[PDB]
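Start at 1 with the first residue, then count along the sequence. The analysis underlying the following values was restricted to heavy atoms, covering all of them including side chains, and did not include hydrogens, waters or symmetry mates. Read the numbers this way: they start at 1 and go in the same order the structure lists the ligands and their atoms.
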Amino acid sequence: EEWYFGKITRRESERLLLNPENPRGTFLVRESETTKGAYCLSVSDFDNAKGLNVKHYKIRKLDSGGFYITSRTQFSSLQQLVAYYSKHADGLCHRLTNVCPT
Ligand SMILES: CN(CCCC1CCCCC1)C(=O)[C@H](CCC(=O)O)NC(=O)N(CC(=O)O)Cc1ccc(OP(=O)(O)O)cc1
């Protein structure tokens, strides 16, 4: 749905995400530019060394089966992946909050 930005670049996704109006955990999903066949979760975060920043998480997919950031926490679809990380961070920088406007 709405959060799937497709073939958007890393840099453009960082420019969209970095808007100060975006709360922590504003996100998108896109393709990986560098890993082909893979996806990325791009997430806004904040620390006080750097302020506003973005984290990117590689999404992989085992061949005949699950989508994953870490290999024991798998999901059958990208939908399930994102719906999970919106309930809990589970190791992520932040829980997923806002879909990115863009
Ligand atoms: C899968 N994990 C490892 C950690 C996963 C956690 C999840 C919670 C539970 C415990 C394990 C990653 O993905 C990490 C996540 C953030 C981080 O740990 O810092 N990110 C990463 O390794 N990056 C590469 C780098 O630093 O070289 C950043 C990056 C840059 C461009 C990009 O985009 P693209 O794919 O289009 O090139 C995609 C990624």
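- Ring planes of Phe67 and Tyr39: perpendicular class, angle over 60° (limits at 30 and 60°).
- In summary, the side chains of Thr35 and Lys58 do present a donor paired with an acceptor at a separation below 3.5 Å, with no hydrogens or angles considered.
- In this structure, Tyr68 has its ring center no closer than 6.0 Å to that of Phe75.
- Salt bridge status for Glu31 with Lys7: present, with a side-chain N to carboxylate O gap under 4.0 Å.
- Remark: the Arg95 side chain and the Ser86 side chain contain no N/O donor-acceptor pair separated by less than 3.5 Å.
- There is a side-chain donor-acceptor pair under 3.5 Å between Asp47 and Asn53.
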Give a table of atom pairs where an N or O of ligand 1 lies under 3.5 Å from a protein N or O.
| unit_1 | atom_1 | unit_2 | atom_2 | d |
| --- | --- | --- | --- | --- |
| ligand 1 | 13 (O) | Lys58 | N | 2.8 |
| ligand 1 | 20 (N) | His56 | O | 2.9 |
| ligand 1 | 33 (O) | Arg30 | NH2 | 2.9 |
| ligand 1 | 35 (O) | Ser32 | OG | 2.7 |
| ligand 1 | 35 (O) | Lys58 | NZ | 2.7 |
| ligand 1 | 36 (O) | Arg30 | NH1 | 2.7 |
| ligand 1 | 36 (O) | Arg30 | NH2 | 3.3 |
| ligand 1 | 36 (O) | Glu33 | N | 2.9 |
| ligand 1 | 37 (O) | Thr34 | OG1 | 2.8 |

